[PDB]
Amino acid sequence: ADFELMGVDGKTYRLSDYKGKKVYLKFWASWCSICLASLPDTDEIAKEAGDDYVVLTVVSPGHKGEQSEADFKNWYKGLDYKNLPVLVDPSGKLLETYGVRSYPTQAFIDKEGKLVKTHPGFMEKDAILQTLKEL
């Protein structure tokens, strides 16, 4: 199922934009210390993507204890990730769609936009990359 979300960067992202490419989607929240500790890995994976896959991240203001959208966008200015899209979903709908129960959750989507795998929790960078290769 398609989604359309705006990033903290003001860009509008649609899942269908990436038809033909594999997608790694990271679900996270500002309060999640493991999430924050791993964002540098996520940013590297995004930087290194080339034409192989696409990286997106998603926060959900007002859900699972996340800040409001306005407060989140301010807070995020304190962070420094030049290569990471941070899509904002104040509806909480993607959490439901992807069956996200905890943070972080790693989601892997195939070239047709169908969900192949989710993984709750920390995942090492090379394991994420290998998972993408196996799609």
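Heads up: residue numbers just count along the shown sequence, starting at 1.
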Problem - Mean Cα B-factor comparison, 95-103 or 37-45, giving the higher one as deposited - result: 95-103
Exercise for the section: Pick between 104-112 and 47-55: the one whose mean CA B-factor in the entry is higher. Expected result: 47-55
Problem - Criterion, highest CA B-factor; candidates, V8, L135, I128, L5 - result: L135
Completion exercise
Assert third(CA B-factor, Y13) within chain per record equals middle
